[PDB]
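Worksheet for the structure shown next.
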Amino acid sequence: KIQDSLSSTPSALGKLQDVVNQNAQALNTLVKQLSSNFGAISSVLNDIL
Amino acid sequence: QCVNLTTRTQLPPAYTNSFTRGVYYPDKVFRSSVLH
Amino acid sequence: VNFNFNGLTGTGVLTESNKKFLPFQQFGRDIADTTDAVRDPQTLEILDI
Amino acid sequence: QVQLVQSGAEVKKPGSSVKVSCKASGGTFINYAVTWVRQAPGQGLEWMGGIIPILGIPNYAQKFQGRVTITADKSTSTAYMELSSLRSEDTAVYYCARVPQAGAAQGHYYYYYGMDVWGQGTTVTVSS
Amino acid sequence: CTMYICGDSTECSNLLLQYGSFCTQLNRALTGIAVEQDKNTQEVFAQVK
Ligand SMILES: *[C@@H]1O[C@H](CO)[C@@H](O[C@@H]2O[C@H](CO)[C@@H](O)[C@H](O)[C@H]2NC(C)=O)[C@H](O)[C@H]1NC(C)=O
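The listed protein sequences correspond, in order, to chains A, B, C, D and E. Going by PDB author numbering, the first sequence wraps up at 981, each residue one higher than the last. Going by PDB author numbering, the second sequence wraps up at 49, each residue one higher than the last. Going by PDB author numbering, the third sequence wraps up at 587, each residue one higher than the last. Read in order, the letters of the fourth sequence are residues 1 to 52, 52A, 53 to 82, 82A to 82C, 83 to 100, 100A to 100K, 101 to 113 in PDB author numbering. Going by PDB author numbering, the fifth sequence wraps up at 786, each residue one higher than the last.
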């Protein structure tokens, strides 16, 4: 009966599919921080240069 | 060379529902299978 | 190589594509808001980066 | 043939609120600018606010901020002005007036003509 | 975050918008701590049904 309990319920492996979501999302916020003025006039180095 | 047209202005217009109308493309960027 | 497509600067390798643009869109973007494809102003063909 | 009529006189006690109505008949009323003017006894005239019914956003004077409210009803074609937190200095005569040529541009208002048709006057006496 | 830094000022809140998503991360971390504080008690006292 273990196979039925694991297969029927989809949220059984919620602990393992919880560090994948946390690790990936924290990565995205990094990349999206490359498009901020931070007080300058543009976010592109070659444009201002 | 103008001509007067309007005469005896009367009852104001009517009103209608709009539902979900009046959406336009905000920019010129191609996106696929995404929510923006 | 280095490319300057009508105002878009960058470095990389270009190749053909299978994507289809609506006939007013110029370039495309990825999930993290990074440019992925462009359109040649003179030949109106889609290229990857 | 555009004419505006107001309600009757009012006597009030301090701390209450009043509401005056203005009914205009004979015109479009949709693209006008309906104003409000106050005249104290033995004094001059003052500006309170105005509204364009089709847009739906009024403009208020700085002195009467948070104390007055101007609204309009297009179906019955009638403009309401409500004044709250009454004092003893709010005893005067109120006039409707109408600016025929008004535009918007940004969130503000722009006028290209003076008021030509006026109301009649409603006296509001506040005392105890 | 927004009310702590710029108290009900529109010109301060418009300048704060150029720094990206710094406040959302703080709100998320505090929410996570607050959520963990209840599992802490549940795992200790609720041992009989
Ligand atoms: C920009 O000009 C070039 C040069 O004429 C155009 O390229 C030619 O277009 C004709 C159109 O029938 C083709 O037959 C040629 O083979 C193209 N290449 C040449 C002549 O070398 C190009 O189409 C123009 N771009 C736009 C958007 O009109």
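By construction, the Cβ of each residue, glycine as well, lies at the ideal position given by its N, Cα and C atoms.
Practice problem: Could you tell me whether any Cβ in chain A is nearer than 7 Å to the Cβ of residue 757 of chain E? | Solution: Under the Cβ criterion of 7 Å, residue 757 of chain E is counted among the residues facing chain A.
Quiz item: From the beta carbon of residue 963 of chain A, is the nearest beta carbon of chain C less than 7 Å away?
Solution: yes
Exercise. Determine, using beta carbons only, whether residue 100E of chain D and residue 58 of chain D come nearer to each other than 7 Å.
Key: yes
Quiz item: Does DSSP put residue 546 of chain C in a helix, a strand or coil?
Solution: strand
Practice problem: Compare the C-alpha of residue 579 of chain C against each of C:569, C:571, C:565 and name the closest. | Solution: Cα-wise, what sits closest to residue 579 of chain C is C:565.
Exercise. Would you identify the three-state DSSP class for residue 94 of chain D, choosing helix, strand or coil?
Key: In the three-state reduction of the DSSP assignment, residue 94 of chain D falls in the strand class, which pools E and B.
Quiz prompt | Coil, strand or helix - residue 38 of chain D by DSSP | solution = strand
Exercise. Tell me, please, which residues DSSP counts as bridged to residue 22 of chain D.
Key: D:6, D:78
Self-check item: Contact set for residue 99 of chain D: own chain, Cβ-Cβ below 6 Å, skip 5 residues either direction
Solution: 100F
Quiz prompt | residue 2 of chain D and residue 27 of chain D closer than 7 Å at C-beta | solution = yes
Exercise. May I ask you to verify whether the stretch 37-45 of chain D touches the stretch 66-73 of chain D, counting CB pairs closer than 8 Å and requiring at least 3?
Key: no
Self-check item: Reduced DSSP category for residue 29 of chain D - H, G, I as helix; E, B as strand; rest coil
Solution: coil
Quiz item: In chain B, what lies closer than 8 Å to residue 28 of chain D by C-beta?
Solution: 22, 25
Quiz item: What residues from chain B crowd round residue 76 of chain D, counting only those whose CB sits closer than 8 Å?
Solution: 25
Quiz item: What residues in its chain sit with their C-beta under 6 Å from that of residue 35 of chain D, if we drop five residues either side in the sequence?
Solution: Cβ neighbours of residue 35 of chain D beyond the five flanking positions: 50, 93.
Quiz prompt | Cβ-heavy atom distance, residue 580 of chain C to ligand 1, below 6 Å | solution = yes
Quiz item: Between residue 23 of chain D and residue 70 of chain D, is the Cβ-Cβ spacing less than 7 Å?
Solution: no
Quiz prompt | Paired residues, beta bridge with residue 576 of chain C - DSSP | solution = C:585
Practice problem: Return the CA-CA distance between residue 105 of chain D and residue 31 of chain D, expressed in angstroms with no decimal places. | Solution: 22 Å
Exercise. Give the secondary structure of residue 752 of chain E by DSSP, where H, G and I count as helix, E and B as strand, and everything else as coil.
Key: Judged by DSSP in its simplified three-state form, residue 752 of chain E adopts helix.
Quiz item: Which same chain residues, not among the five before or five after residue 86 of chain D, have their C-beta less than 8 Å away from its C-beta?
Solution: 82, 109, 111
Quiz item: Which residues, taken in chain order from the stretch 939-962 of chain A, show a beta carbon closer than 7 Å to some beta carbon of chain C?
Solution: 960
Exercise. Mind checking who residue 73 of chain D pairs with in its DSSP beta bridge?
Key: For residue 73 of chain D, DSSP records no beta bridge to any residue.
Quiz item: Which residues in the same chain have their Cβ closer than 8 Å to the Cβ of residue 944 of chain A, if we skip the five residues on either side of it in sequence?
Solution: 937, 938
Quiz item: In terms of residue numbering, what span does the alpha helix (DSSP H) encompassing residue 781 of chain E cover?
Solution: Where residue 781 of chain E is concerned, the enclosing alpha helix (DSSP H) stretches over 759-782.
Quiz prompt | Contacting positions in the stretch 762-773 of chain E - beta carbon closer than 8 Å to chain A | solution = 762
Quiz item: With 16 other CB atoms within 10 Å as the buried threshold, where does residue 100A of chain D fall?
Solution: exposed
Quiz item: For residue 51 of chain D, which of helix, strand or coil comes out of DSSP?
Solution: strand
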